[PDB]
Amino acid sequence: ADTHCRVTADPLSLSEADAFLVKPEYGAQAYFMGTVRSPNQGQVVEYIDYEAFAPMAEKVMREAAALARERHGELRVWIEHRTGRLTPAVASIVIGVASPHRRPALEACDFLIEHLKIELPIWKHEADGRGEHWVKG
């Protein structure tokens, strides 16, 4: 009830995250959104194919949320990752954290994005003109 962790093919929405996180007792919400970038360090990309097994990815998310709470205290946590072929400027991940005060929310969001970049079992194939290749990045 204080945590939302979902892997989905549907578009990710900040407004849905906001609808879940904001409560009168939580004066602060901090977000991160990752979207597909069109010149990736001097390379032109037209799509990225994301793969995730929802049960294993969501179990990682819920463990991430509990680690964030261990470090930063009371939180509401929103984590979603999108699957499928994603065109540029389309969101692949949304992370949102609400807390009584701003500094815990900012730190918890920061922790989650760095933690999930390491621990999330996501596999992706980028369209660089260099064939199909699936990487755990």
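For every residue, the number given is its place in the sequence shown, counted from 1.
Discussion item. Using only C-alpha atoms and the B-factors in the entry, which stretch averages higher, 43-51 or 22-30?
Written reply: According to the entry, 43-51 carries the higher average C-alpha B-factor.
Discussion item. Can you tell me whether 84-92 has a higher mean C-alpha B factor than 103-111 in this record, or the other way round?
Written reply: Taking the mean B-factor of the alpha carbons in each, 84-92 is higher.
Worksheet item: For residue 116, does the deposited CA B-factor place it in the lowest, middle or highest third of the chain?
Response: Middle third, going by the recorded CA B-factors of the chain.
Fill in: Chain thirds of CA B-factor: placement of residue 122
Highest third.
Item to complete: Report the third (lowest, middle or highest) to which the CA temperature factor of residue 77 belongs, ranking only the modelled residues of the same chain.
Response: Residue 77: CA B-factor falls in the lowest third of its chain.
Item to complete: Among all modelled residues of this chain, ranked by Cα B factor, put residue 61 in the bottom, middle or top third, i.e. lowest, middle or highest.
Response: Middle third by C-alpha B-factor.
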